[PDB]
Amino acid sequence: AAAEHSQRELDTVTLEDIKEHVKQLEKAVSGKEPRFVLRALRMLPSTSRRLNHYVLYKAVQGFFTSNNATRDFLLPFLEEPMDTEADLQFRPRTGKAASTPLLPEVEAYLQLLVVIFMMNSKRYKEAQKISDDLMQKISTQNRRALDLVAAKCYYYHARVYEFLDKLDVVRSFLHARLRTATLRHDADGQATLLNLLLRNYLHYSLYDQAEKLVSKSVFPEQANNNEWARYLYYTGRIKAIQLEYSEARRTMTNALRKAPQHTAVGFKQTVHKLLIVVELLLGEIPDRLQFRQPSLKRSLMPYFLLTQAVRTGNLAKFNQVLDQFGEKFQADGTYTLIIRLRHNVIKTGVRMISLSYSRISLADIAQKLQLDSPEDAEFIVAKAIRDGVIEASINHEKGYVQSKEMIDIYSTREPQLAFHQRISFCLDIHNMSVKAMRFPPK
Amino acid sequence: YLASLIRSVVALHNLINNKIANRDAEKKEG
Amino acid sequence: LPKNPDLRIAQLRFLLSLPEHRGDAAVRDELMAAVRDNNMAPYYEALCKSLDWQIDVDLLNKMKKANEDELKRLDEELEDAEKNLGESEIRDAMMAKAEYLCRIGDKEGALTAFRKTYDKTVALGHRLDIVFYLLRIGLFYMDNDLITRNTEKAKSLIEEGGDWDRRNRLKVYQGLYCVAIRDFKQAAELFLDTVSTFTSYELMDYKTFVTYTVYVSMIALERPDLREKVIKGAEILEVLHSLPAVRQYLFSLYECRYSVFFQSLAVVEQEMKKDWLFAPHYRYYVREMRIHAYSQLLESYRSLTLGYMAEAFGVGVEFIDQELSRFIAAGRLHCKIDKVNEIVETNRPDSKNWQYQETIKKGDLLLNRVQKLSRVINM
Amino acid sequence: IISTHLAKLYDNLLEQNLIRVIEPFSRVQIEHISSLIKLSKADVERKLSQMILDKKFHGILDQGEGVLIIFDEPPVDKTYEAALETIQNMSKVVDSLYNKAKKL
Amino acid sequence: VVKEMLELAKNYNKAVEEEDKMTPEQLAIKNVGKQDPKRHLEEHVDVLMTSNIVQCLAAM
Amino acid sequence: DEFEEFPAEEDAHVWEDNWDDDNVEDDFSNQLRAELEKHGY
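Cut-offs used in this document
Residues numbered from 1 in each chain as written, not as in the entry; some residues may be left out. Chains lettered and ligands numbered in written order. Part of a larger assembly, values for the part shown. Heavy atoms only, no water. Helix = DSSP H or I, 4+ residues; strand = E, 2+ residues; numbered from the N terminus. Rg over C-alpha atoms; globule rule 2.2 N^0.38 Å. Buried < 20%, exposed > 50% of the residue type's maximum accessible area, 1.4 Å probe, protein only. Contact = heavy atoms within 4.5 Å. Areas by Shrake-Rupley, 256 points an atom, 1.4 Å probe, with all protein chains shown as cover. Pairing = 2+ DSSP bridges. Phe/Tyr/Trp six-rings, centres within 6.5 Å; stacked < 30°, edge-to-face > 60°. Buried area = accessible area lost by both parts, 1.4 Å probe. Salt bridge = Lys/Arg side-chain N within 4 Å of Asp/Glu carboxyl O. Polar contact = N/O pair within 3.5 Å; in protein donor to acceptor, adjacent residues only side chain to side chain. Nonpolar A, V, L, I, M, F, W, Y, C, P; charged D, E, K, R; others polar. Core = buried A, V, L, I, M, F, W, Y, C linked by side-chain atoms within 4.5 Å. Axes fitted to C-alpha atoms, helices over the stretch in contact; angles between N-to-C directions. Parallel < 35°, antiparallel > 145°, perpendicular 65-115°, else oblique. Left-handed = near helix turned anticlockwise from the far one by under 90°. Disulfide = S-S within 2.5 Å. Expected span 1.5 Å × (residues − 1). Arc of directions from axis to C-beta.

- For this coordinate set, the PDB header names cryo-EM as the determination method and states a resolution of 3.01 Å.

## Topic: the overall build of chain D
Part 1 of the argument: Of the regular secondary structure elements, chain D holds four helices and three strands.
Part 2 of the argument: The helix and strand sequence of chain D, counted from the amino end, reads α-β-α-α-β-β-α.
Part 3 of the argument: Its C-alpha radius of gyration of 24 Å places chain D more than 25% over the 13 Å reference for a compact globule of 104 residues.
Part 4 of the argument: With the principal axes as the frame, chain D shows a C-alpha extent of 75 × 40 × 20 Å.
Part 5 of the argument: Here chain D, with 104 residues, has 43% of them falling under the buried criterion.
Part 6 of the argument: Relative to all contacts within chain D whose residues are 6 or more apart in sequence, the contacts with residues 24 or more apart total 43%.
Part 7 of the argument: Of the roughly 6200 Å² that chain D leaves accessible, carbon and sulfur atoms contribute 57%.

## Some remarks on the pairing of strand β3 (residues 343-346) of chain C
Residues and elements named next belong to chain C.
Part 1 of the argument: In terms of strand pairing, strand β1 (residues 303-305) meets β3 through three bridges, oriented antiparallel. Counted as the bridge partner of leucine 304 is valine 344 from β3.
Part 2 of the argument: Looking at chain direction, strand β2 (residues 335-338) and β3 are connected through four bridges and run antiparallel. What sits directly across from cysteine 335, in β3, is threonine 346.

## Here we look at the packing of aromatic side chains
Part 1 of the argument: In total, this model carries 45 aromatic pairs over all chains according to the counting rule given.
Part 2 of the argument: Pairing A:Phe267 with F:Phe6 gives two aromatic rings, centres 5.5 Å apart and planes at 50°, and the pair type is tilted. You can see A:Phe267 sitting in helix α14 (residues 265-282) and its partner F:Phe6 sitting in the segment before α1 (19-22), one on each of two chains. Pair check on accessibility: A:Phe267 and F:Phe6 agree, each one buried.
Part 3 of the argument: Judged by centre distance (4.7 Å) and plane angle (55°), the rings of C:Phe262 and C:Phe313 are tilted. Linking C:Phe262 in helix α15 (residues 258-274) with C:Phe313 in the loop between α17 (306-312) and α18 (317-329), this pair joins segments that are 51 residues apart in sequence.
Part 4 of the argument: In this structure C:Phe262 comes out as buried when scored by relative accessible area, which is 1%.

## Some points on the interface of chain C and chain A
Part 1 of the argument: If you look at the interface, chain C gives 25 residues, while chain A gives 37 residues.
Part 2 of the argument: For the pair chain C and chain A, the two sides together bury roughly 2700 Å², of which 56% comes from carbon and sulfur.
Part 3 of the argument: Among the residues of chain C in contact with chain A, C:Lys336, C:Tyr356 and C:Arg375 are the three that bury the most area, contributing 23% of the side total.
Part 4 of the argument: Connecting chain C to chain A are three salt bridges.
Part 5 of the argument: A salt bridge links A:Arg359 to C:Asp338; its shortest N-O distance comes to 2.8 Å.
Part 6 of the argument: Taken together, chain C and chain A are joined by 11 residue pairs in polar contact.
Part 7 of the argument: Every element with two or more residues in the side of chain C that touches chain A is listed here: α18, β2 and α19 (351-378) of chain C.
Part 8 of the argument: For the side of chain C that touches chain A, the element with the highest residue contribution is α19(C), accounting for 13 residues.
Part 9 of the argument: Its residues placed into classes, the side of chain C that touches chain A shows 10 nonpolar, seven polar and eight charged.

## Re unusual backbone geometry
Part 1 of the argument: Between C:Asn4 and the following residue, C:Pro5, the backbone shows a cis peptide bond with an omega angle of 0°.
Part 2 of the argument: Although it is not a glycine, A:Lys32 adopts a positive phi angle of roughly 55°.
Part 3 of the argument: As for its placement among the helices and strands, A:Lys32 is situated in the loop between α1 (2-31) and α2 (34-48).
Part 4 of the argument: Phi at A:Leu243 is positive, roughly 80°, even though this residue is not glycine.

## Comments concerning the nonpolar core
Part 1 of the argument: The biggest cluster of nonpolar side chains holds 122 residues, and the ones touching the most others in it are C:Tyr285, C:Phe313 and C:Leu324.
Part 2 of the argument: The element contributing the most residues to this core is helix α16 (residues 282-299) of chain C, with 10 residues.
Part 3 of the argument: Setting aside chain neighbours within four positions, we find C:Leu324 in contact with C:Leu298, C:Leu306, C:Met309, C:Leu333, C:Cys335, C:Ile337 and C:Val344.
Part 4 of the argument: A:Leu44, A:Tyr109, A:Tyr201 and A:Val278 belong to the second-largest nonpolar core, a separate cluster that totals 116 residues.

## Quick notes on the packing of helix α7 (residues 124-141) of chain C against helix α9 (residues 164-181) of chain C
All names here are of chain C.
Part 1 of the argument: Where α7 contacts α9, the axes come no closer than 12 Å and their chain directions differ by 20°. With respect to each other, α7 and α9 are oriented roughly parallel. At the point where α7 passes α9, the crossing takes the left-handed sense. Contacts between α7 and α9 involve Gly125, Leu128, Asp129, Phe132, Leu135, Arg136 and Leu139 from the former and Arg166, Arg169, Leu170, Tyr173 and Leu176 from the latter.
Part 2 of the argument: Residue classes in the contact of α7 with α9 are distributed as seven nonpolar, one polar and four charged.

## Looking at the interface of chain C and chain F
Part 1 of the argument: Each side of the interface is counted separately: chain C has 27 residues, and chain F has 19 residues.
Part 2 of the argument: Both faces considered, chain C and chain F share a buried interface measuring about 2000 Å² in area, 50% of it formed by carbon and sulfur atoms.
Part 3 of the argument: Taken as a group, C:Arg182, C:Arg283 and C:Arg287 account for 23% of the area that chain C buries against chain F, more than any other trio of residues on that side.
Part 4 of the argument: Between C:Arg326 and F:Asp20 there is a salt bridge, and its shortest N-O distance comes to 3.3 Å.
Part 5 of the argument: Mapped by element, the contributors of at least two residues to the side of chain C that touches chain F are α9, α15, α16 and α18 of chain C.
Part 6 of the argument: Among the elements that take part in the side of chain C that touches chain F, α15(C) stands out by supplying seven residues, more than any other.
Part 7 of the argument: Split by residue class, the side of chain C that touches chain F holds 11 nonpolar, six polar and 10 charged.

## A look at the packing of helix α4 (residues 57-83) of chain C against helix α5 (residues 87-104) of chain C
Residues and elements named next belong to chain C.
Part 1 of the argument: Remark: α4 packs on α5, axes separated minimally by 8 Å, with the N-to-C direction vectors making an angle of 165°. In terms of their interaxial angle, α4 and α5 are classed as roughly antiparallel. Here the hand of the crossing between α4 and α5 comes out left-handed. Along the contact surface, α4 presents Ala66, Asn67, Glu70, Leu71, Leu74, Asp75, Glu77, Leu78, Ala81 and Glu82, while α5 presents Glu89, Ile90, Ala93, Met94, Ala96, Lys97, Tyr100, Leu101 and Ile104.

## So, the sheet that holds β1(C)
Residues and elements named next belong to chain C.
Part 1 of the argument: The strand order across the open sheet formed by three strands is β1-β3-β2, and the pairing between neighbours is antiparallel. In this open sheet, the two edge strands, each paired with only one partner strand, are β1 and β2. Taken pair by pair, the neighbouring strands of this sheet meet at an average axis angle of 20°, ignoring direction.

## Quick look at the state of the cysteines
Part 1 of the argument: This model, assessed by the stated rule, comprises zero disulfides over all chains.
Part 2 of the argument: Looking at the unpaired C:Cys335, the closest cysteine sulfur is the one in C:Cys256, lying at 17 Å.
Part 3 of the argument: E:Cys56 forms no disulfide, and the closest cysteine sulfur to it belongs to A:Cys426, at a distance of 17 Å.

## Digging into the sheet that holds strand β3 (residues 400-403) of chain A
Residue and element names in this part refer to chain A.
Part 1 of the argument: Read across the open sheet, the three strands follow the order β1-β3-β2; overall the sheet is antiparallel. This sheet does not close on itself; its edge strands, each paired only once, are β1 (359-361) and β2 (392-395). Looking at each pair of strands side by side, their axes are set apart by 25° on average, direction ignored.
Part 2 of the argument: Bridge analysis of β2 against β3 gives four bridges, and the strand direction is antiparallel. Within β3, the residue paired with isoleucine 394 across the bridge is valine 401.
Part 3 of the argument: Against the sheet, helix α21 (residues 374-386) makes contact with β2 and β3, and its axis sits at roughly 150° relative to β2, the strand it touches most.

## Concerning helix α1 (residues 2-22) of chain D
Residue and element names in this part refer to chain D.
Part 1 of the argument: Here α1 contains 21 residues, and its C-alpha end-to-end distance of 30 Å stays within 8% of the 30 Å for a straight helix at 1.5 Å per residue.
Part 2 of the argument: Looking at α1, one finds that the buried residues are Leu14, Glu15, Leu18, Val21 and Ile22. Buried positions in α1, seen along its axis, are confined to an arc of 140° and lie on one side of it. Turned more than 90 degrees off the buried face of α1, the exposed positions are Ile2, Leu6, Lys8, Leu9 and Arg20.
Part 3 of the argument: Each element contacted by the buried residues of α1 is listed here: β1 (27-28), α2 (30-37), α3 (41-53) and β3 (68-69).

## Comments concerning helix α6 (residues 104-120) of chain A
Residue and element names in this part refer to chain A.
Part 1 of the argument: When the terminal C-alpha atoms of α6 are compared, their 24 Å separation across 17 residues agrees well with the 24 Å that a helix rising 1.5 Å per residue should span.
Part 2 of the argument: For α6, the buried fraction is high: 15 of the 17 residues fall into the buried class.
Part 3 of the argument: Positioned one or two residues after α6, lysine 122 has a phi angle of 65°, which is positive.

## Describing the side chain of A:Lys268
Part 1 of the argument: Residue placement: A:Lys268 occurs in helix α14.
Part 2 of the argument: Not counting the four nearest positions on each side in its chain, A:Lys268 is found in contact with A:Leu256, A:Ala259, A:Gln261, A:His262, A:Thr263 and A:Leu296.

Structure below.
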């Protein structure tokens with residue numbers, strides 16, 4: 001059929017792609033440079049989609065095919081087509097190459113591909129077993145070049161079990177895997193393992209253990225930008241739930257900055273929602289461009305209403321906002337922070353008063369913030385002066401809030417500190433760029 | 001700081017050029 | 001260019017759509033007279049359904065029959081041109097059919113007919129005229145995508161080849177759309193460019209064009225350009241001599257007569273509320289004009305008591321205090337209020353400090369870009 | 001014609017006289033300058049405000065007590081303008097390198 | 001030096017953004033005149049940074 | 001690198017709108033008229 005022949009052609013092109021990736025893996029192991037395995041994994045997400053039964057059937061018929069347990073393991077889980085007319089024997093290894101065992105990296109890549117296909121087919125149980133087998137056989141291996149594919153397979157195994165709605169049978173095993181990766185000095189594998197452990201804790205609400213792990217473990221600096229963004233989001237949630245609001249805001253802004261341009265909509269949605277909540281708690285009204293964006297508009301609409309209520313200062317509006325979308329906030333895992341905002345709303349008003357006025361009288365500030373009595377205003381203002389929200393100094397002798405006089409920052413040292421940080425970053429970037437330089441062997 | 005930014009940009013451009021040269025040589029190898 | 005579609009009809013429809021003026025009588029009579037004279041049956045039905053009016057059975061049937069027989073005559077002429085006359089005759093017949101389709105208010109049919117005429121039209125000038133007709137239709141209906149695509153097409157046609165008159169008309173059309181999209185800077189630029197040789201009398205008379213130009217220029221242009229291009233502009237001054245209110249409003253800001261400026265600004269807000277193009281942006285225009293006036297007053301002062309500025313603006317101390325606090329909270333005015341002593345202190349950054357802030361911001365952006373590039377390439 | 005041109009001449013004369021009378025002072029109070037020019041306090045205040053707002057003689061008024069402070073208007077430090085322009089140029093060069101590096 | 005480096009950065013922008021691929025290896029050899037790309041480039045960066053660093057260290 | 005781990009979940013305004021636009025208050029004409037009336041006595 002026309003559709004069938006088109007599918008066969010796409011399968012053949014995918015087979016050519018996998019052959020190219022396996023050749024790259026072999027060249028990487030020969031040259032001991034991750035670059036090639038990194039590119040193979042980079043192409044992996046694209047190949048994850050656009051795969052049917054015959055695709056992987058032909059891949060297993062051509063690759064491997066040594067009568068090994070893999071063929072008797074995945075094939076019983078994946079159907080087999082009839083005698084295809086275009087029986088092109090996809091055999092990159094010919095004669096001696098076929099006899100030689102498949103390279104550990106290449107075999108791991110093929111097992112990862114089959115596991116991804118099982119994921120996309122919702123064969124949760126079969127992917128379970130195939131992932132255990134591949135993980136066990138990769139655990140024995142100790143080649144450095146295998147570590148990146150090991151990290152990818154680790155992440156996909158955690159994902160398969162996450163769809164298994166258990167995500168606890170993995171806790172100890174991923175802890176052990178991450179610890180071994182840390183011992184081995186691996187970077188990508190330990191990065192993915194730490195991110196996945198943090199994700200599991202955040203799912204099951206074990207915040208304290210996650211904070212302990214983040215405090216003790218150290219994330220390698222030379223990690224993937226996407227992995228860094230995921231870790232930043234997880235650490236931002238940990239900090240925000242733990243009352244380190246400023247650090248949470250900074251970390252989540254960094255995570256948003258490091259997001260993959262336009263590749264992951266959902267991660268951006270969640271980061272924006274949590275950042276909006278944290279910023280509202282910290283006393284800053286968030287930017288409207290986020291709410292106006294096309295992809296994030298409908299997702300953040302309840303947060304837009306919440307920000308409206310907070311800025312306007314109408315506690316009743318906040319209550320009706322919670323009534324309509326309270327369950328949505330809960331399902332988003334931000335209900336507790338929203339309640340904290342409900343009881344901290346006065347911080348935004350105090351911050352606005354601090355920005356506007358410089359010597360506001362206590363009675364007038366109490367009137368403006370709809371407080372009942374001036375003494376409550378004094379209490380709230382002092383609490384704000386600690387909370388990093390205001391920089392004033394109450395003069396209780398005459399009861400007026402005297403904001404600190406602004407000073408010429410340039411004549412002070414802060415510009416030197418900012419320039420030092422930026423110059424250090426620039427010099428480090430230059431050193432890193434000239435450091436690799438990928439000079440070929442003559 | 002401006003000099004450091006210029007140096008970093010030049011180094012990054014040189015790294016990009018060298019990487020593209022290496023990739024082109026490898027591709028033309030086979 | 002042809003007056004069809006008549007933007008006055010769209011303005012009247014919007015005015016009736018407004019809550020207060022929904023029951024207006026004179027606008028009702030004007031719109032009904034326009035519909036009857038122009039015989040817009042589809043437009044009449046759409047307006048009746050939208051405004052919940054009582055459809056006149058006799059008038060509606062008469063208009064429908066007139067539209068039907070006119071369309072039949074146009075189709076007969078098109079068939080005659082197709083059979084006997086050449087390509088030019090058929091193109092003109094289809095152009096007339098599309099023109100009458102726009103006459104009655106059939107948006108979809110008129111647009112499709114104009115598209116067919118454009119497809120069958122070879123002359124560049126006629127293609128530009130078709131684009132102008134579609135742009136006028138879009139303005140009448142406020143179809144953002146249609147107006148944007150057709151403006152791009154008209155720009156391309158002019159770039160390939162175009163007379164100066166078409167360029168001026170397209171400049172005025174872009175200015176009107178920009179005013180409707182709230183990009184007041186481009187509106188001011190285009191309108192100030194075209195005010196000298198305003199030849200697009202179909203969209204709006206010259207007095208309305210000068211009023212719009214003054215409004216958008218004051219919302220966009222700064223004081224030096226405002227003086228050089230609006231205050232001393234011969235055309236704008238000549239037109240304003242016939243519009244005392246607009247002249248007073250414009251001169252209040254430049255001459256520093258703030259109470260009269262606020263009176264004129266209230267009048268202008270009321271006028272724009274009814275206007276069909278400035279209606280969505282009237283609140284923003286008034287807010288930005290007030291912010292501009294406050295900043296202009298504060299530019300020459302470092303610490304002015306709230307009482308003095310309240311007297312200057314002809315408003316109470318409490319109102320000016322509240323408005324100044326609101327505008328400071330949004331980071332628009334560079335001042336900090338001192339309620340106990342009732343003194344407003346301007347905190348305008350020194351040139352060195354502002355330059356340091358700008359360099360910090362731009363360098364942070366560039367460093368983020370460089371870090372992303374390094375991460376992407378280094379693998 | 002006479003009215004408009006004489007009003008403009010009056011404006012020019014007031015500007016010149018005010019500039020002449022503020023040259024020695026640095027923090028002159030508005031009342032003294034008005035007395036020196038023999039004009040109403042409000043008129044001199046308005047003219048000074050307009051002059052400052054129009055990049056005329058440099059200074060800032062303070063209605064809290066009333067003075068016409070005059071300073072020397074630091075130049076601008078052209079070095080920072082050049083640095084900002086170079087930063088913009090290098091940002092667009094980084095954009096170009098973004099256009100490159102697509103070929104890996 | 002900063003103004004001349006701004007002009008040189010404009011020139012470097014023009015040279016790089018062009019990135020003419022009509023045998024780029026030949027382009028880099030047909031425009032060799034000790035000009036914008038790096039010679040009048042980071043040479044000035046080194047001059048500026050050496051002078052500024054030495055002056056600041058001496059001042060401290 | 002689509003982050004499938006995180007699920008991926010009128011007002012067709014082309015003009016950017018800041019927060020102050022949303023604020024609801026009486027038209028400026030009413031405010032000015034009321035203030036002038038209250039300061040007229």
